[PDB]
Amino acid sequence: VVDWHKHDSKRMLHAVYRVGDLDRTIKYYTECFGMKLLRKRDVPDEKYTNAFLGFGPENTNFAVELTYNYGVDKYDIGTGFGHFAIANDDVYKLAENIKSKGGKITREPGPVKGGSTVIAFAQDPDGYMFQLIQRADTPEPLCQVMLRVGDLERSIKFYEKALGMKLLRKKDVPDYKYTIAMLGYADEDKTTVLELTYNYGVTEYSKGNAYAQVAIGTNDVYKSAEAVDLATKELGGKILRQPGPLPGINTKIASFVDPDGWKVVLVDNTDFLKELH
């Protein structure tokens, strides 16, 4: 009866991570990457400011949630965090826009080494990598969060059983000693996937203190947390916050780490809508 996965309607909501200079990142994402600034919220009582950016409204699209901590101008990215990706129908056009705007292209546009898909890489002001992926027409340009993991097979099993993700793609690249998987809730080219990368013989990475978590919406945080609890008893990872409403707000969430220590927050799909204004 973990056929709850089949009855839920989960959705990748946003990646949350920290930035040294909020205005600098906003300007880089709007001007270099063509994102929209969706919402900005200042929180003096707790000493931070958030900004939310993406390619459509947060009720239908995935977003980045940026956290600026007062008087903190840098973070450790760590070695485990891979990249965010942006799909675009002309990666040459986009890369040259980024260069024009004074952005950093670290990997010029061209087919992936060993494959055919045209990709490029940009580096943002804090050091976060953005892959650019040539793709004809997606409803979701902000289309990957890539994380490194120590055991690809353990992680695939974990995301399937804990989160109801489908394994969309698994690809071994022995010439370059890595293997990838993409997991998510719809066809890869229509959605935001989680891309997990294993490098041969590498079992550990630093989580840093820059990337915080990914948030995933669910029709019921209690049912979905039960599935997480079962998966963690078998496969590794740990519940952080048990399912329930947050103090005062009544917004229902649960949170956990995966077998490698990456954090995921489950948020009630309807409660999530309560801040999107």
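When you see a residue number, it is the position in the sequence shown, counting from 1.
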Quick one: higher average CA temperature factor, 240-248 or 32-40?
-> 240-248
Given 103-111 and 176-184, the range whose Cα B-factors average higher in the PDB entry | 103-111
Among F52, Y48, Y211, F62, single out the one with the highest C-alpha B factor in the record, please.
-> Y48
Return the residue from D73, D124, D151, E160 that has the highest Cα B-factor in the entry.
-> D73
Split the chain's modelled residues into thirds by Cα B-factor; is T67 in the lowest, middle or highest one?
-> middle
Would you check the entry's CA temperature factor for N199 and let me know if it's in the chain's lowest, middle or highest third?
-> lowest
Taking the chain's C-alpha temperature factors as the reference, tell me which third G164 falls into: lowest, middle or highest.
-> middle
Can you work out whether the C-alpha temperature factor of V193 puts it in the lowest, middle or highest third of the chain?
-> lowest
Third of the chain, ranked by Cα B-factor, where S206 sits | middle
